[PDB]
């Protein structure tokens, strides 16, 4: 798994575009509790397939938030995966 950019001792779980940062859950809380300005940052779950990119699609059938590339790889695999309905997370 991609490491947290601040603590570099835990797997990242969220991605913050404004900070351009992959963060584990505790570092995410510490960074955005710092003040009201930071607390407005919108964050997204890190892809649960590759765990190295921000997720862009939620697939409830797979119970997985996936980045664009993992979403395409997983759902082109075969005709059952191809019918999965995903929710754009934007």
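Numbering follows the first chain given and starts at 1.
- Per the PDB record, 24 has a higher Cα B-factor than any other of 24, 81, 16, 66.
- Residue 53: CA B factor lies in the lowest third for its chain, per the PDB record.
- Ranked by Cα temperature factor within the chain, residue 44 sits in the lowest third according to the deposited record.
- Residue 87 sits in the middle third of its chain by CA B factor, as recorded in the PDB entry.
- Residue-level temperature factors show residue 37 in the middle third of its chain, judged at the C-alpha atom.
- Residue 59: CA B factor in the lowest third of modelled residues in this chain (values from the PDB entry).
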